[PDB]
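Q:
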Amino acid sequence: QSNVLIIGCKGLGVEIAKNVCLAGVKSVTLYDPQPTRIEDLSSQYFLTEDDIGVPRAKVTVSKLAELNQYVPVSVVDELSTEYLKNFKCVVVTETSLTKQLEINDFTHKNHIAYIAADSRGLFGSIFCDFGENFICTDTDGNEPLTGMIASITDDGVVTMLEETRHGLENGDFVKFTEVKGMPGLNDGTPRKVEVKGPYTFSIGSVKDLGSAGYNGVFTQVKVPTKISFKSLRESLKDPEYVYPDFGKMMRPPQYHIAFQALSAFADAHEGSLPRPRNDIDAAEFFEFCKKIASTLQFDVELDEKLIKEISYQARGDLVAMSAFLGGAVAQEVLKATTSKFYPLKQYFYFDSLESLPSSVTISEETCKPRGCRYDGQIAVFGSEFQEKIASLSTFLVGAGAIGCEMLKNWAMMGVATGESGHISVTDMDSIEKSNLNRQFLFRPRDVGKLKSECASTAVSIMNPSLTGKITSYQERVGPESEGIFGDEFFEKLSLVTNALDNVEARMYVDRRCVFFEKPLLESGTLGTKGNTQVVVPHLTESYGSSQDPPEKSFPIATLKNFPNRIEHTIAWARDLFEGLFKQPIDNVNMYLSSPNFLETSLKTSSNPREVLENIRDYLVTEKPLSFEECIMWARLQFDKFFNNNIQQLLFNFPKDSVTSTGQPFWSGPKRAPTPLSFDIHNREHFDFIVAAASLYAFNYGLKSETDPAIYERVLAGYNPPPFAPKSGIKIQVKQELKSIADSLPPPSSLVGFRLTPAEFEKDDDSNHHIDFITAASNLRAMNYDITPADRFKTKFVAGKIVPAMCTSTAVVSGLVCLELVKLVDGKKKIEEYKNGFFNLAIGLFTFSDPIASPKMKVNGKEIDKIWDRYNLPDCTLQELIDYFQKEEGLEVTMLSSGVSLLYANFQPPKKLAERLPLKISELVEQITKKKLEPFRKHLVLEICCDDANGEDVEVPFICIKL
Ligand SMILES: CCCCCCCCCCNCCSSCc1ccc(Cl)cc1
Ligand SMILES: *SCCNCCCCCCCCCC
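Using the entry's author numbering, the letters of the sequence shown correspond one by one to residues 37 to 769, 784 to 1012.
1. Any heavy atom of ligand 2 closer than 7 Å to the Cβ of residue 949?
2. Just checking my contact of residue 140 with residue 268 at CB under 8 Å: how many whole Å lie between their CB atoms?
3. Using C-beta distances below 6 Å, list every residue in its chain close to residue 281, excluding the 5 sequence neighbours before and after it, in chain order.
4. Measure how close the beta-carbons of residue 77 and residue 155 come, nearest whole angstrom, since I'm counting them as under 8 Å.
5. Please report the distance separating the alpha-carbon of residue 702 from that of residue 713.
6. Using only the heavy atoms of ligand 2, determine whether one of them is closer than 7 Å to the beta carbon of residue 944.
7. On the premise that residue 175 lies in contact with residue 375, defined as a C-beta separation below 8 Å, what is that separation, rounded to the nearest angstrom?
8. To which residues of the same chain is residue 53 closer than 7 Å at the C-beta, ignoring the five residues directly before and after it?
9. For ligand 2, any of its heavy atoms closer than 7 Å to the Cβ of residue 516?
10. Cβ-heavy atom distance between residue 941 and ligand 2 below 7 Å?
11. Indicate, with yes or no, if ligand 1 has a heavy atom lying under 7 Å from the CB of residue 350.
12. Taking just the CA atoms, how far does residue 357 sit from residue 505?
13. Using a Cβ-Cβ cut-off of 8 Å (strictly less than) and excluding sequence neighbours within five positions of residue 856, which residues of its own chain qualify?
14. From which residue to which residue does the alpha helix (DSSP H) around residue 467 run?
15. Determine, using beta carbons only, whether residue 177 and residue 892 come nearer to each other than 8 Å.
16. Just verifying my parser: in three-state terms, what is the DSSP assignment at residue 67?
17. Enumerated in chain order, which unbroken segments of the beta strand (DSSP E) with a length of 3 residues or greater are wholly contained in the region 222–249?
18. Could you tell me the distance, in whole angstroms, from the CA atom of residue 79 to the CA atom of residue 448?
19. Around the C-beta of residue 127, are 16 or more other C-beta atoms found within 10 angstroms, so that it is buried, or is it exposed?
20. Kindly indicate which residue of 609, 588, 586, 587 has the alpha-carbon position closest to the one of residue 597.
21. Ends of the beta strand (DSSP E) at residue 155?
22. For residue 355 and residue 565, I'd like the C-alpha separation in whole angstroms.
23. In angstroms, rounded to a whole number, what distance separates the CA positions of residue 603 and residue 815?
24. Excluding the five sequence neighbours on either side, which residues of its own chain have a C-beta within less than 8 Å of the C-beta of residue 121, listed in chain order?
25. Which residue marks the beginning of the alpha helix (DSSP H) containing residue 367, and which one marks its end?
26. Just the C-alpha distance for residue 373 and residue 165, rounded to the nearest angstrom, thanks.
27. Out of curiosity, what's the CA-to-CA distance linking residue 710 and residue 600?
28. May I ask whether a heavy atom of ligand 2 can be found less than 7 Å away from the beta carbon of residue 977?
29. Which one of 387, 359, 397 has the shortest CA to CA distance from residue 444?
30. Return yes when at least one heavy atom of ligand 1 lies under 7 Å from the C-beta of residue 468, else no.
31. Does the structure place the region 388–395 close enough to the region 292–307 that three or more beta carbon pairs sit under 8 Å?
32. What is the rounded straight-line gap between the Cα of residue 822 and the Cα of residue 132?
33. Pairs of beta-carbons, one from the region 421–431 and one from the region 869–886, closer than 8 Å: are there three or more?
34. Looking at the secondary structure, which residues open and close the beta strand (DSSP E) in which residue 119 lies?
35. Kindly confirm or deny that the region 404–424 and the region 821–839 touch, where touching means at least three C-beta pairs closer than 8 Å.
36. Does the Cβ of residue 135 lie closer than 7 Å to at least one heavy atom of ligand 1?
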């Protein structure tokens, strides 16, 4: 029931739609009849050069529909007030405050979620209004608390075990399962929680259940709270702020007025905003602020220098601001459509004003439109800075979720467009088939190809000026000379951006950027949480670190055919849940809704035949009348995934077949499976039937029986279709669609009839979801002889394998690029850089200054313990000693390359005379008896020094540039 309308298809609106489609709402409808201008290609990556003139919504819908095949996207050319009732949430962008009041006054009374967002230069605002009765089922990002119990006392004190999870509140509810000693406590009815200590909590007197209870598990049941939102009209007078930065606490009240005057200016100028850095327009703009500050009886004192800056940047359109605001706003849409997180309440006024360049001229003349696709960025940073961007040489590590967002941001900014510019992208991974509907740049035609290579191509279409400027690799940023990114590669670079969660890559990328003194931008995400890190040479610390810890991933052939751990069966069970009770239901509902679904699915779907077979199987062939046919369907699924597929697997590879070597095929990570025969009196087998049949009946809206006498009756006369393993099946280690379409009932014959999709939810123990995943996982584990896991461990493992969220991924990419322009400006003051952290689930945002690098003094001069070093050519050993004595006032006492002692000042001339005239590279090759590798272009030396008085002075390492 989560229909989303999005008003406005500029840079901001197209980012929100991208994330909302990739997040997977019911449907998205766009509204933007305005013709495409040239200045919209500053942040609108779905508009090309020869799309100028056409309405922005019509050109962008075909690119949105290609994102997620289970999210129908449509366009409206007209907008009615009553038409808004077709949507659970309404997002408004690029709209005057006049129309916002007209829209919000309706949505607030009809209980329609309202979000208004605007990207205006380096300034932005987000307003949320979810009605005055909005119910939220989860007020924090935390999953419901679970853990094992030590004991429960008769007074009601529950002492928690080694787990001691985090963290309980008062008024929460917990339910108990398998707590021995108190039988009636495991019924399922929750109990109130009063926390006594960090390991205990009280549930009330349980003396009516037993003297002492032991063991068991507790699961928190979160009580839904209600949140009263004020309308835009009444919050315009009394605004409630959410602060993105407590250091800019005095700025939201200024921003609240400036954005209102920003619309009062558009009313007086045919909807146009003030001109870039225009003093005449900003003078008129300040006056508007002065009027609105008086009528709203605001006690604030107008920061004229700050407010006028909003006018100077009014018509700026930065892709970084669209990524940051767009990801956050899309997360608010999901809060409105799932009721699962705490919304922004209600005003989120934001700036990244420190990103404003200072090494170039910012004026009317510099920020004047040029007629190109970068006008929206030039309107803020100026024309001279645009060439600084265009000549950048960047190195992006990783082409997954964050890397693709990063490349998108670089293509809209003109990075590496100019003469000396170049982009280098690397990622060893390839594109697979499972996650295609969650990928931004990847489509079904790219399966098997390299992520980095396809990402470069998709970005070169967003900005054709990047063709030939991007070089794609399939390499890890790894060991030293083996590289294969050597000294020549890193010295050309302007900066490095790390978009991988890999711990290996982070270590090397950090270490390499320190040695070559190149700026580093780092980013990572973990669910709703994310953080950004900027490393500036000769300024900040090289690590910052304390990002969120990473997560794992599994090979395709391991999950599908050769599992050997219980975590493999759980992922396989979670994906199965999606294929039986989710994706086919979505295909059916779209076929009954979108009239052009037949041709839309051919271009978008990864498996257009399975889409059509889903519609046929679920609408006619296997549509159940009663729950008794749901049990027969569930019984058929048992053979289909725990018997027929295993017979097929043993058919292609028998239990005792051999490889090319002659060794058994089933050995090591490959465990020999065994098909299951259905035992109705086996707990795992029966728990699957109940869970699958009840979930199948859920899709069709049928009453799920739980009487084992009904199951026993149906399963006795179950006649399966005779299965025999097929030959010529590959197991990994057009008009035919009209034929299936002729087997589909006409959409007109099924008006109003819909199927209810199953949205996976671990926190409700009554929806049979975890029951299904536990049973399907344990049954597959029984196939391959793997130790099964109870529903507690299964629920735990399933919670830690959720994919990266596109909302978090967008927000970091925007934060990284808002710190990118600071690096290009060459900012040298550490207070102007920001390390970000956020948690979209609670509307928390944090911007902290980077820590300075630690310093020390050598002969009264300050040096950088991290970034300073002695750069010497491949001179002789004697010449190196002379340099430190004559030019540094230091007597070198120990010289080494790694652990190899190259020189010590006490060595007799029997050792030194043969080595002092040697070049360092010749001295190194002689000591440890090894030839220098061909692309070993530098030599790192450690050195111990004494001053003039014989005391040891700590000095940096040496870099021999050979
Ligand atoms: C109840 C039905 C309501 C019907 C409303 C129909 C609106 C269609 C357009 C007609 N003129 C309204 C202009 S508002 S857009 C503000 C804006 C646009 C462009 C730029 Cl650059 C800046 C700002
Ligand atoms: S004063 C020069 C510093 N060398 C002595 C400190 C002990 C070094 C041990 C670790 C260095 C190995 C290089 C990887």
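Beta carbons: idealized from backbone N, C-alpha and C, even for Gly.
A: On the basis of the data shown:
1. yes
2. 4 Å
3. 897
4. Incorrect: roughly 15 Å between the Cβ atoms, too far for contact.
5. 22 Å
6. yes
7. About 11 Å; that fails the 8 Å criterion.
8. 42, 64, 66, 100
9. no
10. no
11. no
12. 25 Å
13. 54, 55, 58, 59, 363, 366, 437, 474, 476
14. Unbroken run through residue 467: none, as it is neither H nor E.
15. yes
16. strand
17. 236–238
18. 6 Å
19. buried
20. 609
21. 149–156
22. 21 Å
23. 21 Å
24. 146, 148
25. 355–374
26. 13 Å
27. 14 Å
28. no
29. 359
30. no
31. no
32. 50 Å
33. yes
34. Segment: none, residue 119 is in no beta strand (DSSP E) and carries neither H nor E.
35. no
36. yes
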